[PDB]
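Only one structure is covered here, and it is reproduced in the block below.
Cβ: placed from backbone, ideal geometry, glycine included. Neighbour counts: every protein chain shown. Read the figures in this text as sums done on the coordinates, not as results from a lab.
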Number of protein chains: 2
Amino acid sequence: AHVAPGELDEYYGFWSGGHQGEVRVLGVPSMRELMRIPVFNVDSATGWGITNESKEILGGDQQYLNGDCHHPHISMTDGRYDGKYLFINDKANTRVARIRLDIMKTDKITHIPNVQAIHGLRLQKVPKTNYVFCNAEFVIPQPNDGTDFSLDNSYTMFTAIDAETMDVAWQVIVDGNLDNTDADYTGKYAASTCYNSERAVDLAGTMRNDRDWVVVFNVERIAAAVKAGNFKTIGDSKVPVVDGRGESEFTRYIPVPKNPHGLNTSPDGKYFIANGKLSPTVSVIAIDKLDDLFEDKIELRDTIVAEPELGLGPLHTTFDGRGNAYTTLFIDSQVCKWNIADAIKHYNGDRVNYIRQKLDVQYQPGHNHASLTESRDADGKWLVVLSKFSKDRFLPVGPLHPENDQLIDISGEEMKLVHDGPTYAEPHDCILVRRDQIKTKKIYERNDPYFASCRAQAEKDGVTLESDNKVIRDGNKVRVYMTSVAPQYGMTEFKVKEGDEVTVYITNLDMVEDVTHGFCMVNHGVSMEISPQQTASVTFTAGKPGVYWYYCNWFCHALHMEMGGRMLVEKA
Amino acid sequence: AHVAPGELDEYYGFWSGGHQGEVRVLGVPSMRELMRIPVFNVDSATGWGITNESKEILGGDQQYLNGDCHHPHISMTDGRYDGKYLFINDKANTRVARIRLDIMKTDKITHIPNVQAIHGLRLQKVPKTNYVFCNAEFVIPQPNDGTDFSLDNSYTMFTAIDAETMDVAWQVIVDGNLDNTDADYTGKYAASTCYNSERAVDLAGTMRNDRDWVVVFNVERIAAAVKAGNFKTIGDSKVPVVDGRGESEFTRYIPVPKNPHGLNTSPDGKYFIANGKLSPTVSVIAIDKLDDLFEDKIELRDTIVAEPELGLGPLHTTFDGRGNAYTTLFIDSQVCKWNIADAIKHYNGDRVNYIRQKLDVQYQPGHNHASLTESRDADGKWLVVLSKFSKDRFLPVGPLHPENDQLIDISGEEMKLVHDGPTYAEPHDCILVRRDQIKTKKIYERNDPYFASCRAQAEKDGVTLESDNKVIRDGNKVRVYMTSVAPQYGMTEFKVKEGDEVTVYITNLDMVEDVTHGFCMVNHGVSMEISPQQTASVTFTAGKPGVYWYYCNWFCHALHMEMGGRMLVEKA
Ligand code: CUA
Ligand code: CUA
Ligand SMILES: [Ca+2]
Ligand SMILES: [Ca+2]
Ligand SMILES: [Ca+2]
Ligand SMILES: [Ca+2]
Ligand SMILES: [Cl-]
Ligand SMILES: [Cl-]
Ligand code: NA
Ligand code: NA
Ligand code: NA
């Protein structure tokens, strides 16, 4: 449970940042934050959102200073984590990101078309992560062009992204809406919860139906229809769209009470578990019955093998790989341990006890996550419970309180609280991976894709980034290329005109690990990271005439304070 | 050392974020981050830098997405922390911020005129914090208007800000430059290091002189000259400027080797200690000799009562209140405990031993900070050492590594490492305060200054913020006022035209602690916090015609997912 100085954590944890927009890398079981990976936020330090390279990745037709990331998931090969990529949603500005786990940096951002608010996200497990599966939460008109605002004619879609290219593969129109999603251990099926079968905005409307549903997607049938050309398109997007509304070959709508929320696949591949939320239950769907259901051989509700009452406000379920499930009860403010097989007996009227233990948590739990739960190798060691209120649990810090991520030992029969982890607004889910499932680089190589655009521009200017310190004049544009070797930039002054569009490229020629440099231009609103063997750039408009200093903002050497230069801006 | 679940930390720590731009609130000795206070960064979650209230506080004539904050200090009454305000510098875009410690929010940002790169910052101690003292690091022409770029005619200034108004009080022109600063325990004196007596840009130039100096400011004389009207002004600023160059009544330039860096006041009020950096020394200046020096009764170097050799790269010194000092050695990667009285005897020629202990730290230490060191109540319990490299100390996370903030027990004769704390780029200094020295509010009062502007606009529109759900049209502006009680906004639909300038005001009517609401407009790049009894607002341009959902992004209730609404944008 404890990590001494000089000792390493046993697992990485990748935490969502919620509306703060980043991913946080923790060591488990120390629960210490090792790194922040900027995604949808703008990072003053590394310049994510400021650098040209990050801006290229972000794309889009407007700058967004925010995002809302909930659901981080790591790429799999044959149902085991492979450590290549992390993917996460953006509910705020309707995007999905991919993070490269070799350098812990975002490398792709995709805008999802003709939907709003990407919420649920999880990955194909088997045969490997070929698809990223994405829910859009909020129904909108199709197309959304202002000619018809009616809810009556508003819909959402389920989206599959090609994991390797990050281009959207296809979308499925559904009835109702989409909340959370998971995938099976064959590649054939994915499934999502719906809380708004009513397609309402008002609170009473969203709660009218006694049951909403889990919608199950026959990914095999969908992919085949898309391959055959049996699809349509919406609006300005060329993405293939198939229609899963009503009675469709692509979907099954299994009724589940009530405004259900989490959707979690058991690590033995047997079950999708929908969390009942307004219903004090979960609903256990037998994946091995879905083939029969897609042939209309059984009823929709025949796939339900258990629907146990657990307590008030079930939100999310996770697994120890020993046959138990752990479910957050938001209103009762507990985590409930229960046995799946015993709940199945109870549903059948063989009235065994199925609840093993309720542990109070502090306070109001959202997601929970057991170590390796999303893989075949679910190890039953650690359980993280991510609670949304902290009240009195930490020192007072004003009206805005931290969240509380609690680490619980589930290695034995009895859940035991070990650590209370204050966290800034606002983690949703997290994912734990063994140390040995991640392989990182300690320095860049000069062909790295993270500065492909810099190499391409340098070639146009005949600049050798590893060697040159040059000022290139291009009309109202100026490109400044500098090398850096601690504690010196290879250029200590340059001159431009007021209003010039200045781009500064810095290449870090240091080879020693951890010798990162920075670059900041005083009063010009720019900063960037340049780690060993990286190139990075920033663009800014030169301000009113005068001297402006630049300096290294990454303490790098005893002579760091002296690592700088001057930009001289002349009257045009 | 250890804080169990349900127990509280004994100290607050306020960490600088460096070029990440925020202040981080830690519990000590657990070393867990309790809260982030946005300052110069743009926070996707709370909307700091997006909300109208934060934008008014930031002011300026352009948006900055970045800052570089090093030096957090808390307001004092008679040399004891009083818990009212924290102040911090911005090196990147030449600002100073004040944080209100009742709500843990920035409330004032001041742009410092006619200087670049605010670095050193510390507070008046006695009789209380009336002044904030600020160093500007980089010499610039006066005025900085592009007519003369020469270093020969470039200078910097020391700045005093009125702590209560946050308006600049006066500035002092100096020779050389300014790095770090501290104040005495009378109010009369402040002092700064200089590393660039050469006023050079090139590295060899900045290290040419064997000695630079500590510049001591006679604050009493300066304030008198200003009150008498004996000052000038620079450029377009009305701030009073006095000239402390050369032989001046306002300054004394005590030679100190070599490119000295930290400047630290001992808690008995006896010494200013300059950290030698390129010289393996510190220089101990006796404050009780300064009156004699300002009457020319002693020589400049007669104020030096010790100049002990400690080791390679001394950067920052801190104090246990027992007569020992603790100095970071950046090159040797150690913290050195030494006895001040013995160093004075050694300087006098006595055959004595002033070094007590060298502890290896991991790796390359910058600032260090002992609990209550900046006050009379320096308690000698804890020492934080903030190191700039972490190498192998934490799990690998790519080319960019965390920093390492180490917690050391200094309560006894032997310094003992207790904890290694990974931190994101890049803390400089921190300040520790007892739990009982901070008094926070849990909910807002409706007269709070943090939404005075919202109140004034509501009044003009005839709106009662605590009761109204109204849409106000004013040309092409739309002001939308809503109340909120989780899980329902008081308005679930509103209509605007494409291109309208839409301002949404939300007033949180929940009264229970920790029931924070949020607000996000999908695809419009806005988010904001609304904590209990707060009002907050965001402004955005309505996009292309269509439906856009808004939702609460602060998990607030079991029905959080249903806390939404729609903005309907029509073609103009
Ligand atoms: Cu490069 Cu500090
Ligand atoms: Cu309001 Cu969640
Ligand atoms: Ca419903
Ligand atoms: Ca919360
Ligand atoms: Ca010098
Ligand atoms: Ca570092
Ligand atoms: Cl889920
Ligand atoms: Cl200092
Ligand atoms: Na099959
Ligand atoms: Na089958
Ligand atoms: Na099969």
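Details
- Relative contact order %, region A:449-570, counting alpha carbon pairs below 8 Å whose residues are six or more apart: 25
- Residues B:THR206, B:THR147 arranged by fewest to most Cβ contacts within 10 Å: B:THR147, B:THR206
- Note on region B:449-570: dipole from Cβ charges, positive end direction compared against B:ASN553, B:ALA486, B:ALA456; the farthest Cα belongs to B:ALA456.
- Sites listed here are trypsin sites (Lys or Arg not before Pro) in region A:439-515 whose DSSP assignment is loop and whose Cβ has at most 10 other Cβ atoms within 10 Å: A:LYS439.
- Rounded FRET efficiency, nearest 0.05, which uses the C-beta distance separating B:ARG435 from A:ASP360 and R0 of 30 Å: 0.75
- Rounded to 10°, Cα long-axis angle of helix B:452-461 versus longest principal axis of chain B: 30
- Shortest first, B:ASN348 label-point distances to identical copies amount to 9.2 nm, with the label point at 7 Å from Cα along Cα→Cβ.
- Residue of chain B whose Cβ sits closest to the axis mapping B onto A, with distance in whole Å: B:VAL42, 3
- Overall shape: prolate for chain A, with the ratio a/c of the largest to smallest alpha carbon gyration tensor axis at 1.5 or above and a/b above b/c.
- Exercise: per-residue mean of other protein chain Cβ atoms within 10 Å, B:518-524: 6
- Angle between chain A longest axis and helix A:219-228 axis [Cα atoms, degrees, rounded to 10]: 60
- Dipole in debye (nearest 20) - chain B, about Cα centre, beta carbon charges: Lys, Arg +1; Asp, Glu -1: 600
- Inter-chain Cβ neighbour average for residues A:417-426, partner chain, 10 Å: 6
- Fully extending the segment from A:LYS544 to A:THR233 would add 107.0 nm, taking 0.36 nm per residue of separation and subtracting the current Cα-Cα distance.
- Ranked by how many other Cβ atoms sit within 10 Å of their own Cβ, fewest first, the residues B:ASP78, B:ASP179, A:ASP152, A:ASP468 fall in the order A:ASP152, B:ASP78, A:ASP468, B:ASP179.
- Where both bridge residues fall in chain B, DSSP classifies roughly 90% of the beta bridges as antiparallel.
- Think of the protein assembly as shown as a dipole: +1 on every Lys or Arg Cβ, -1 on every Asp or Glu Cβ, centred on the Cα centre; then among B:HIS419, B:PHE540, B:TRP170, B:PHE540 lies furthest on the positive end.
- Cα-based shape type of region A:449-570, given that a ≥ b ≥ c are square roots of the gyration tensor eigenvalues and the cut on a/c is 1.5: oblate
- The ranking of A:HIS557, B:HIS367 by Cβ neighbour count inside 10 Å, starting from the fewest, reads A:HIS557, B:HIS367.
- The mean count of C-beta atoms from other chains within 10 Å of the C-beta of residues in B:91-99, rounded to a whole number, is 3.
- Only helices enter this figure: runs of n ≥ 4 DSSP H residues, each worth -39500 (n - 2.57), summed and divided by the residues of chain B, yield -2000 deg cm²/dmol at 222 nm to the nearest 500.
- Rounded to 0.05, the FRET efficiency of the A:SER467 and B:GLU309 pair, given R0 = 51 Å and the Cβ-Cβ distance, is 0.80.
- Sites listed here are GluC sites (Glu not before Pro) in region A:420-475 whose DSSP assignment is loop and whose Cβ has at most 11 other Cβ atoms within 10 Å: A:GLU445.
- Over all orientations, the protein assembly as shown has a Cα convex hull whose mean projected area works out to 42.8 square nanometres.
- DSSP beta bridge pairing in region B:449-570, given as percent antiparallel to the nearest 5: 70
- Charge dipole magnitude, Cβ of K and R +1, D and E -1 - region A:415-556, Cα centre, debye nearest 20: 140
- Positive-end residue, the protein assembly as shown charge dipole about Cα centroid, Cβ charges, pick of B:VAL282, B:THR516, B:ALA341: B:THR516
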